[PDB]
Amino acid sequence: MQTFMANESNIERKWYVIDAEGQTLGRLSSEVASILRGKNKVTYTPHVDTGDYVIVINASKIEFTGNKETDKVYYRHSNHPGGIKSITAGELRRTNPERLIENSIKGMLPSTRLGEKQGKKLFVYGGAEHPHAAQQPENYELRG
Amino acid sequence: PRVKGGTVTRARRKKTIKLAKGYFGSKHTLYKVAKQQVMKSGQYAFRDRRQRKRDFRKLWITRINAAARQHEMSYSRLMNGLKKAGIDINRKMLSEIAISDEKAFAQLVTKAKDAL
Amino acid sequence: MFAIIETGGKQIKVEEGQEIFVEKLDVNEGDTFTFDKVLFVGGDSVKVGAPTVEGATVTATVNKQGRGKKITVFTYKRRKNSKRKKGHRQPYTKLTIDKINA
RNA sequence: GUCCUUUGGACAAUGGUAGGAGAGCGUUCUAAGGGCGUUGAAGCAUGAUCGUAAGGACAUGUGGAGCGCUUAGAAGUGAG
RNA sequence: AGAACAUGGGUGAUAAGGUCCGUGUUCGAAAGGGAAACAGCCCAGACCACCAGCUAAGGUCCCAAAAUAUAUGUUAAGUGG
RNA sequence: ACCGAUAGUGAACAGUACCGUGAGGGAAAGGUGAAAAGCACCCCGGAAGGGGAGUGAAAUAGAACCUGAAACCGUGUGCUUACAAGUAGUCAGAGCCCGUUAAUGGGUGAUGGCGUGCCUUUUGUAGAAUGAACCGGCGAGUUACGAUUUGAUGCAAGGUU
């Protein structure tokens, strides 16, 4: 005086549903990353995991702007000599678009062990159908 | 007369070795490495006593901002409105009330809001 | 039920019957100190003091004037032969609330 | 420090290498005065104690004959 | 044994993180914030405590605090003719 | 107002062990107890070594014998650990186990933030520049005589042998 709530321990996590139709990849991505992070709770501490689950289901009506489809190559290396591989944004969205969305969510999260855990509260589906009815998921609308 | 370099040397070295307790391996057992770590940690503590103040202010501001968007307002706009109302409550106080009594926090938000 | 007082250079949330630690006050042990600067009254009826609440006193009884846990302040510079070492204990006063007025 | 000098109300000040100035802490030995010790000295080990720092106590266990304090003096007087 | 920077000049090639003078600043001997990291650049000079407040340079979508703020315009290029 | 066994003689038990063709060089190594009363006897064992029992104020005083630090090596246990990227600390902080020179108590620590050892030498060193395996002991502005300048004290046209 130390009069200060920190002990989030024993928190209450909920379940959310966002849909991807006609949104921008980055902007949806940043709002979802904030929810998974827990930045919207008056009770927020960075050392324990507050924050809650997010379900993305259309993941095929993702919208780019400009020439993102042919540009925006993605790269990876296999640690094997000359082993650089690549794929362009449009055909990654056309085959495995779930990877397209979850990669750009997880690139917006801390790369600690807590952050890689918070990225595991994410479920992405191409098409408007998901299995999680026992969790009682609620619709959330992008409050930009 | 002749002095011996006697019992004083151990006492001085044993204080540092005790003060290095809990460190890893040689860090808590050997005097030269323990002395280095015990002076390194003393310089860490100075810097980190300064850093606590700014860390908790950052946390208080982020929790008030979370509480503000619930009542459809931004942190910056809220604090400006409170300044114009004259309210003298504090970042830490504003977080502790917003966590314990939401109904007291809502009246503050309305007075901060029609002050604008 | 709870009040906000501004004492020392800091603000504290208090309730009837709890213990607080503040910067030193000119008082002796046993006495009763009364706080003036009240900023918020969180009761059934809520009073907001944008400057002050105009009234609003909090009563407390002094017990244990004391001096705090000791910290060693140590700093050094690497290949320069300068270092400094000193000790500090901060004084405090311990209080228990009995009254929240308005 | 400063100066009204109520030495307190203020007017202050207080990063630092070569280097200059000040004030102190501990070690061994001597003088004088007072102390302690087989109902347990010095040394060793542990503790959550005290002092602004160098450092000082006290309790307990081990040890089995020596050792503090106050004022002064003299140095083979402090190691990474 | 000095160093970088901006401005005035010689030398060199209107070269050099080159070299030689002059006028300032900073490092040397200076912790803190910004420039990703980064003695010498921008802001600023640490007696000690605090889970108080206002600001500087730089900033306010996520990492990572603070405007997905207004009103009004340019850009379609993504980061010798 | 000299040293106390790395000191003081090289030498407290030696010009010896040892080294060299020779002239020659040249160490390390003190301590049972007041008194040997220095452990009769039984048990395991080829023995060494141990376990009892005994003597003693005391055998973790038993000859490797006063005390017995640290490095280093072990046995047991409270908390913690097999998705994790590191100068190993510091600041925050749950969970579990405790109970002190009782006091804003102690141990350990999921998880978050920040963070390139020390000394030397350099314009500039995390530096891939130097030095140090670790721990213990020892290891570097001194004294004599003169000179100058400060402080103190006595006497003063004198002062001092």
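Below, chain A is the first sequence line, B the second, and so on; all start at residue 1. Below, each value reflects all heavy atoms present in this structure, side chains not excepted, and no hydrogens, waters or symmetry copies.
- In this entry the distance linking OH of A:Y44 with P of F:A92 reads 18 Å, nearest Å.
- Partners of A:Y53 according to the ring-ring contact (aromatic ring centres under 6.0 Å, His included) rule, which considers only residues two or more places apart in sequence or in another chain, are A:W15.
- Between the side chain of A:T24 and the backbone N or O of A:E63, no donor-acceptor pair lies under 3.5 Å.
- A:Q118 has its CD atom 10 Å from the P atom of E:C63, to the nearest Å.
- Contact annotation: A:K117 side-chain N/O to F:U111 OP1/OP2 distance is not under 4.0 Å.
- Of the possible donor and acceptor atoms, none in the side chain of C:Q90 sits under 3.5 Å from a partner among the backbone N and O of C:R67.
- Residues satisfying the side-chain hydrogen bond (donor to acceptor under 3.5 Å, both in side chains) criterion with C:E15, sequence neighbours excluded, are absent altogether.
- An OP1 or OP2 oxygen of F:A71 is reached within less than 4.0 angstrom by a side-chain nitrogen or oxygen of B:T29.
- A donor-acceptor pair is defined here as one N or O able to donate and one able to accept, closer than 3.5 Å; such a pair exists between the side chain of A:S104 and the backbone of A:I101.
- Base-pair annotation: D:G33 with D:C69 meets the Watson-Crick or G-U wobble criterion (two N/O distances, each under 3.5 Å).
- Residue pairs meeting the ring pair (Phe, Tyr, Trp, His ring centres under 6.0 Å) criterion with at least one partner in residues 20-63 of chain B, sequence neighbours excluded, are A:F4-B:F56, A:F4-B:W60.
- In this step of the strand, E:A46 does not stack on E:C47, since the centres of their six-membered base rings are not under 5.5 Å apart with ring planes meeting at under 30°.
- Checking the phosphate oxygens (OP1, OP2) of E:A52, no side-chain nitrogen or oxygen of B:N90 falls inside 4.0 Å.
- In this entry F:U153 has no Watson-Crick or G-U wobble partner, no candidate having both defining distances under 3.5 Å.
- Of the side-chain N and O atoms in A:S29, none sit less than 4.0 angstrom from OP1 or OP2 of E:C62.
- In this structure, CG of A:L109 is placed 13 Å from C1' of E:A64, rounded to the nearest angstrom.
- Under the rule for a side-chain contact (heavy atoms from CB on, under 4.5 Å), the partners of A:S34 that lie at least two apart in sequence or sit in another chain are A:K39, A:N40.
- Remark: the separation of the P atoms in F:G74 and F:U101 is 34 Å, to the nearest Å.
- Residue B:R69 places at least one side-chain N or O under 4.0 Å from the OP1 or OP2 atom of E:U68.
- A stacking criterion of 5.5 Å and 30° is met by the six-membered base rings of adjacent nucleotides F:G131 and F:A132.
- Residue A:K39 places at least one side-chain N or O closer than 4.0 Å to OP1 or OP2 of E:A65.
- Nucleotide F:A88 forms a pair with no other nucleotide shown, judged by Watson-Crick or G-U wobble geometry with both contacts under 3.5 Å.
- Near-neighbour residues of RNA chain E inside residues 74-81 of chain A, defined by a heavy atom below 4.0 Å, are absent.
- Applying the Watson-Crick and G-U wobble criteria (two distances, each under 3.5 Å), F:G93 pairs with nothing in any strand.
- One finds no side-chain N or O of B:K15 lying less than 4.0 angstrom from the OP1 or OP2 phosphate oxygen of D:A54.
- For F:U150, the base is anti relative to its sugar; the glycosidic angle deviates from 0 by more than 90°.
- Put simply, the side chain of B:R63 reaches to within 4.5 Å of the side chain of A:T45, judged on heavy atoms.
- What separates CD of C:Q11 from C1' of E:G53 is a distance of 9 Å, to the nearest Å.
- Taking the side-chain contact (heavy atoms from CB on, under 4.5 Å) definition, one finds that C:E16 meets it with C:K99, sequence neighbours left out.
- Within the 4.0 Å cut-off from OP1 or OP2 of D:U46, at least one side-chain nitrogen or oxygen of B:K14 is found.
- Side-chain rings of A:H130 and A:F123 stay apart, their centers remaining 6.0 Å or farther from each other.
- Looking only at distances, no side-chain donor or acceptor of A:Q118 sits under 3.5 Å from a matching main-chain atom of A:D49.
- Judged by distance alone, with hydrogens and angles left aside, the side-chain atoms of A:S60 form a donor-acceptor pair with the main-chain N or O of A:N58 at under 3.5 Å.
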Problem - Per-nucleotide protein contact string for nucleotides 67-80 of chain D, where B marks a base within reach and S marks sugar-phosphate only (heavy atoms under 4.0 Å, - for neither) - result: --------SBS-SB

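- Base pairing of F:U148: no nucleotide in any strand meets the Watson-Crick or G-U wobble criterion (both distances under 3.5 Å).
- B:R50 has its CZ atom 12 Å from the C1' atom of D:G15, to the nearest Å.
- Nucleotide F:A84 carries a syn base; the chi torsion (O4'-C1'-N9-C4 or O4'-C1'-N1-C2) is within 90° of 0.
- Remark: bases of strand neighbours F:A92 and F:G93 are stacked by the 5.5 Å centre distance and 30° plane angle definition.
- Rounding to whole angstrom units, CZ of residue A:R27 and P of E:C62 are separated by 12 Å.
- In this structure B:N90 satisfies the side-chain hydrogen bond (donor to acceptor under 3.5 Å, both in side chains) test with no other residue, sequence neighbours excluded.
- Under the Watson-Crick or G-U wobble criterion, with both distances below 3.5 Å, E:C5 is paired with E:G24.
- Nearer to the 5' terminus of RNA chain E, by closest-nucleotide assignment, is the contact made by B:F46 (compared with the other of B:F46 and A:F4).
- Contact annotation: B:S74 side-chain N/O to E:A67 OP1/OP2 distance is under 4.0 Å.
- Note on B:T7: only backbone sugar-phosphate atoms sit closer than 4.0 angstrom, heavy atoms only; bases stay farther off.
- Consecutive residues F:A57 and F:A58 stack, with base ring centres under 5.5 Å apart and planes meeting at under 30°.
- A donor-acceptor contact shorter than 3.5 Å links the side chain of A:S29 to the backbone of A:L25.
- Judged by atom type and distance alone, B:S76 does not reach the base of E:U60 through any side-chain donor-acceptor pair under 3.5 Å.
- Checking side-chain atoms of B:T62 against main-chain N and O of B:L59 turns up no donor-acceptor pair under 3.5 Å.
- Note on ring orientation: taking the six-membered ring where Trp is involved, the planes of B:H71 and B:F105 are perpendicular (angle over 60°, cut-offs 30° and 60°).
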Practice task
Classify every nucleotide of nucleotides 73-90 of chain F by which part a protein heavy atom approaches to under 4.0 Å, writing B for the base, S for the sugar-phosphate alone and - for neither, in 5'-to-3' order.
Solution key: -----------SS--SBB

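- Using a 4.0 Å cutoff on non-hydrogen atoms, the parts of residues 52-65 of chain B near RNA chain E are B:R52, B:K53, B:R54, B:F56, B:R57, B:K58, B:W60, B:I61, B:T62, B:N65, ordered by number.
- Rounded to whole angstrom, the span from the NZ atom of C:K94 across to the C1' atom of F:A103 amounts to 10 Å.
- The backbone N or O of B:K103 lies less than 3.5 Å from a partner atom in the side chain of B:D101, making a donor-acceptor pair.
- Atom CG of B:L82 and atom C1' of E:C54 are 16 Å apart (whole Å).
- In this strand, E:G53 stacks onto E:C54; the six-membered rings sit under 5.5 Å apart at an angle under 30°.
- Near-neighbour residues of RNA chain E inside residues 65-91 of chain C, defined by a heavy atom below 4.0 Å, number-ordered: C:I71, C:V73, C:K77, C:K80, C:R84, C:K86, C:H88, C:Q90.
- The main-chain N or O of B:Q107 is found under 3.5 Å from a side-chain atom of B:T110 such that the two form a donor-acceptor pair.
- By the side-chain contact (heavy atoms from CB on, under 4.5 Å) test, C:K80 pairs with C:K77, C:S82, sequence neighbours left out.
- A cation-pi arrangement is present between C:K13 and C:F2 under the rule of less than 6.0 angstrom and at most 45 degrees off the ring axis.
- If A:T3 and A:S111 are placed on RNA chain E by their nearest nucleotide, the residue sitting closer to the 5' end is A:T3.
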